[PDB]
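Worksheet: one structure, shown below.
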Amino acid sequence: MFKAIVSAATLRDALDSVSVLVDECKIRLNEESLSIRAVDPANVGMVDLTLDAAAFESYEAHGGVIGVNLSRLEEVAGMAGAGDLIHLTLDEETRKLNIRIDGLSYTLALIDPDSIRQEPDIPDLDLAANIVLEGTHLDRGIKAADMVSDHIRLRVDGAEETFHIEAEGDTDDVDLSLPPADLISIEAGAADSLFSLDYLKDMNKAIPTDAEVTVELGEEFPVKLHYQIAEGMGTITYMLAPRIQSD
Amino acid sequence: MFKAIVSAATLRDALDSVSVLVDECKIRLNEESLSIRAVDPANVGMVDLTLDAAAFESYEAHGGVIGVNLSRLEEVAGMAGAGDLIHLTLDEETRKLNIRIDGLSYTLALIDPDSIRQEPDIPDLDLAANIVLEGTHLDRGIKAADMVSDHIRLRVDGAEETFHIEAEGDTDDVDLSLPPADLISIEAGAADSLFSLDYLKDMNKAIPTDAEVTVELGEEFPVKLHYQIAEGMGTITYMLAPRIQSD
Amino acid sequence: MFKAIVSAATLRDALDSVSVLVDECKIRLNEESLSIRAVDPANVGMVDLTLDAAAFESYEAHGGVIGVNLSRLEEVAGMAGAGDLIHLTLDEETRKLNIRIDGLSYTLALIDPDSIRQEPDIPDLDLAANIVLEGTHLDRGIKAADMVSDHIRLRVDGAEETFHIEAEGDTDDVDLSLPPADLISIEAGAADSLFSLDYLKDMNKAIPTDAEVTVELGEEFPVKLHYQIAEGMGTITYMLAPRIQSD
Numbered sequence: 001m002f003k004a005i006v007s008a009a010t011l012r013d014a015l016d017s018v019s020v021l022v023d024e025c026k027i028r029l030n031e032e033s034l035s036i037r038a039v040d041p042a043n044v045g046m047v048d049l050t051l052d053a054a055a056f057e058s059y060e061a062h063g064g065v066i067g068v069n070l071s072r073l074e075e076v077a078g079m080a081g082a083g084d085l086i087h088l089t090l091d092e093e094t095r096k097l098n099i100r101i102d103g104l105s106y107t108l109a110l111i112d113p114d115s116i117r118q119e120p121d122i123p124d125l126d127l128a129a130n131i132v133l134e135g136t137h138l139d140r141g142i143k144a145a146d147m148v149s150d151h152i153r154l155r156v157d158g159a160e161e162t163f164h165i166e167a168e169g170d171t172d173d174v175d176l177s178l179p180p181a182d183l184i185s186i187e188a189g190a191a192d193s194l195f196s197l198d199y200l201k202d203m204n205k206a207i208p209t210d211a212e213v214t215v216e217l218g219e220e221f222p223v224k225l226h227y228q229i230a231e232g233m234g235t236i237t238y239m240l241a242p243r244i245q246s247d
Numbered sequence: 001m002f003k004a005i006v007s008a009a010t011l012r013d014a015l016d017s018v019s020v021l022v023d024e025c026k027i028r029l030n031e032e033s034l035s036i037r038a039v040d041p042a043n044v045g046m047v048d049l050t051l052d053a054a055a056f057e058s059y060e061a062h063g064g065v066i067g068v069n070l071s072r073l074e075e076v077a078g079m080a081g082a083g084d085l086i087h088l089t090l091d092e093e094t095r096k097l098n099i100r101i102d103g104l105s106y107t108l109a110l111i112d113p114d115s116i117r118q119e120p121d122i123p124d125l126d127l128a129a130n131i132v133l134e135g136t137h138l139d140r141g142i143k144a145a146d147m148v149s150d151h152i153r154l155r156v157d158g159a160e161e162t163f164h165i166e167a168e169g170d171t172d173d174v175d176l177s178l179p180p181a182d183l184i185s186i187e188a189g190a191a192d193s194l195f196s197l198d199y200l201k202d203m204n205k206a207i208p209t210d211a212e213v214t215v216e217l218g219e220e221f222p223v224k225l226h227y228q229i230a231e232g233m234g235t236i237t238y239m240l241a242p243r244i245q246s247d
Numbered sequence: 001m002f003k004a005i006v007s008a009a010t011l012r013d014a015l016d017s018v019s020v021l022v023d024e025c026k027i028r029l030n031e032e033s034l035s036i037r038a039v040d041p042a043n044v045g046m047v048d049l050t051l052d053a054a055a056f057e058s059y060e061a062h063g064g065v066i067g068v069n070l071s072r073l074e075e076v077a078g079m080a081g082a083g084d085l086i087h088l089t090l091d092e093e094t095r096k097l098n099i100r101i102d103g104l105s106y107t108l109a110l111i112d113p114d115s116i117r118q119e120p121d122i123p124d125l126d127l128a129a130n131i132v133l134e135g136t137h138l139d140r141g142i143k144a145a146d147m148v149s150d151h152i153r154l155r156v157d158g159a160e161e162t163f164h165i166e167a168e169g170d171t172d173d174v175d176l177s178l179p180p181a182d183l184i185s186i187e188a189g190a191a192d193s194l195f196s197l198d199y200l201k202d203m204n205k206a207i208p209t210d211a212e213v214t215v216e217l218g219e220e221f222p223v224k225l226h227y228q229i230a231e232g233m234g235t236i237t238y239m240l241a242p243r244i245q246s247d
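Protein chains in written order, with the authors' numbering: chain A, 1 to 247; chain C, 1 to 247; chain B, 1 to 247.
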């Protein structure tokens, strides 16, 4: 089994992230925690999720991987609230998924990990010009590029260190300017990258305010977003497809 | 006339209940209070409403029955709020309906009771295994069967006394378990019944939290729901069509 | 340039008013303030807006008129909140529009005032039977005529001084009765006028509660609505097409 009392609040954060990109979850429950990670069909979105130590009151595991009917758990798990603790009880078999929340017991027929889709790996990369900002201003920067230009610039190094999420389009443009001051941390390097704002939309559509956003900036490569979304108890790594940077 | 200062809050509760099932209201104003009650066209829903003593500051009556343009009063009466008192003034004629709320006077041409539809009667039944629960957990039990199975089980007597609103469907199921403790009252009997969750949906779609739900449980028969929805000033009796109980 | 720190709250009030009727804004920035005013295509709505002294912390002007891509500024300006101060910086050219809000700089290609549409003038009229009421009861009066009758009566002088927004329609009617008392001011005259409730809808769809509504009442003529929508810092003058007053 996988014994876990999970704070209710850790439920929508974990199972919603990949949603944007996959419906079916291959699930990995390892001895330190249980993680998640897949590429959407168009291969334009990869969010590696790693769930951490003591995020539930207890738990026991040894190997034990599951593909979950993510398309079904998605709304059923969301019918619950944060202030509750959750149980993950899956020792009987892999065809069912039992969960306990507010007196309600669930039984879901689960899929064998081996017949869904190949599971990705870690592009092994180390970028320079890494930035940080809170999710509220990061999504608000997205909301500004969400209609003028289609894709978002993360222009880094605008006269040595600087960031910019701007978008050029016919007869209208937009620039979000973000200096040092009151910007948690900086790594003042040289990289800037392009990305498609839409495939960013579905991604930060779930990130209101108070989530530290970390952007690994490099030149024209998949940008890495490192996150701890809830009380500071989780990560959601999003890589979006680059774009040629001319304009 | 029918002189009634009705607390605004008693307006949406009274005229919304049948809505789910009928558009046209045959209305009965008797000397203790004025009540309501009809079967939807598909004959899969009957909510007998009985309005009680002193729910308005005053009132006078002697016979006097009305069929109301329920399809029109429905949104006009809902344009008002609870914190107001309402007047029911209908002595001039039966072709109009005058009501007073916030300085706004209304005049509706009303229908003669005798040309709409037959008005039902009280199935005369006394069931065993009667249950009680608050509307918030009752609708929340409905929300759980609202997508896995189509109809809701009220399984009563799961090893002598017990209740369960579970729903079986291909490769996925669900069970809501409800013991004694912190369940206002019980009548520990033997009956369990099936019902269609949809025709329950429209019914408890209006019941958030804090409404005592009373379920007359028997075996495969129309279940009776007894209610006092607002400050504890009204009833809405819902009978939903049974279903064969195999599964 | 036009130097203006505008309270964020003055942004949605100013640019939303004409929206209901025009998409393209011919903009007039005069030495006391900058105003706005045009007739919708169907010529059934004219809202003359005049922005006043010190509504921004500072400003400089000399002539300088602009036609704005109102259809684009409309959602971009609304992506911001009230608690912010705004800058109107347009000295470089008339092809662009630069605005500053929360670190985000904007650049919009602007149109030359001379190629959009003729700009109206002030019907020069002085009516009698002028009324006043707060936007909350005025829109709530509109919400009552919004479904029974199509157009709203402003019947003035119902037995010397009185107001009424009533609407007659087949087998159903409605009347909103409004006396002296607790009705800020009156001018007890003789005029009553008709108007189309829809073209009033889009107009007071933006007026919740606490906005003084002033209705210049006369007989069958375009009614004038004088307003100060926000902390008491703006006007929106709406003239709606009369209607024959029979019924």
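C-beta: ideal position from N, C-alpha, C; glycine also.
| Query | Result |
| --- | --- |
| Within chain A, the residues that B:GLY103 reaches when beta carbons sit closer than 7 Å | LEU176, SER177 and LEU178 |
| 8 Å Cβ cutoff met for B:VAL44 and B:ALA241 | yes |
| Any C-beta of chain B under 8 Å from that of A:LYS201 | no |
| Inter-residue spacing [alpha-carbon to alpha-carbon] between C:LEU88 and C:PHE2 | 6 Å |
| Close-in-space but distant-in-sequence residues of the same chain around B:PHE163 (CB under 6 Å, 5 per side omitted) | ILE131, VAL156 and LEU178 |
| Member of C:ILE186, C:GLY64 and C:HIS137 whose CA lies at the smallest distance from the CA of C:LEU110 | C:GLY64 |
| Pick from B:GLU187, B:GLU212, B:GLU219 and B:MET233 that is closest to B:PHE195, judged by C-alpha positions | B:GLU219 |
| Inter-residue CB distance, A:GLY141 and A:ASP112 (contact presumed, cutoff 8 Å) | Their Cβ separation, rounded to whole angstroms, is 42 Å, which puts A:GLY141 and A:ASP112 out of contact at 8 Å. |
| Residue range of the unbroken alpha helix (DSSP H) whose run includes B:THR136 | 135-145 |
| Alpha carbon of B:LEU104 to alpha carbon of A:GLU168, nearest angstrom | 14 Å |
| N-terminal and C-terminal residue of the beta strand (DSSP E) that C:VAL213 is part of | 212-216 |
| Integer Cβ distance of C:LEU154 from C:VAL213, believed to fall under 8 Å | Not a contact, Cβ separation roughly 11 Å. |
| Residue of C:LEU11, C:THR107, C:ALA9 and C:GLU57 minimising C-alpha distance to B:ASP175 | C:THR107 |
| Option nearest A:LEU125 by Cα separation, candidates A:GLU166, A:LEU225 and A:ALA42 | A:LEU225 |
| Proximity of B:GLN245 and B:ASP192 at Cβ, strictly below 8 Å | yes |
| Sequence-distant residues of its chain with Cβ nearer than 6 Å to B:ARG243 (five each side left out) | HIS151 and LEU194 |
| Where B:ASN69 falls: helix, strand or coil (DSSP) | coil |
| Extent of the continuous alpha helix (DSSP H) to which C:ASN204 belongs | 198-204 |
| Stretch-stretch touch, CB-based, cutoff 8 Å, three pairs: the segment 24-38 of chain C with the segment 78-86 of chain C | no |
| A:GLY135, buried or exposed, once every other Cβ within 10 Å from all chains shown has been counted against 16 | buried |
| Alpha helix (DSSP H) segment containing C:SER17, residue limits | 9-17 |
| Distance, C:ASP16 Cα to C:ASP121 Cα | 20 Å |
| Per DSSP, the bridge partner or partners of B:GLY169 | B:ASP172 |
| C-beta neighbour in chain B for C:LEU15, strict 8 Å | no |
| Proximal chain C residues relative to B:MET147, where beta-carbon distance stays under 9 Å | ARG72, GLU75, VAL76 and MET79 |
| Min CB distance C:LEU108 to chain B below 8 Å | yes |
| Neighbourhood of C:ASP202 by C-beta, 7 Å cutoff - its chain only, sequence neighbours within 5 removed | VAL20 |
| Between the CA atoms of B:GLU166 and B:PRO222 - distance to the nearest angstrom | 18 Å |
| Cα-Cα separation between A:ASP146 and A:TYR238, rounded to whole angstroms | 18 Å |
| Where B:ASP114 sits in the DSSP three-state scheme | helix |
| Cβ separation of C:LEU29 and C:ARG37, assumed to be a contact under 8 Å, to the nearest whole Å | So it is not a contact: roughly 13 Å between Cβ atoms. |
| Cα-Cα separation, C:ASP173 to A:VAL76 | 11 Å |
| Where the segment 137-168 of chain C meets chain A: residues whose CB sits under 7 Å from a CB there | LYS143, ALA144 and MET147 |
| Terminal residues of the beta strand (DSSP E) in which A:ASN98 lies | 97-101 |
| CA-to-CA distance, B:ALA4 to A:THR235, given in whole angstroms | 43 Å |
| Other residues of its chain near C:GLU74: CB distance less than 7 Å, five sequence neighbours each side excluded | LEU15 and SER19 |
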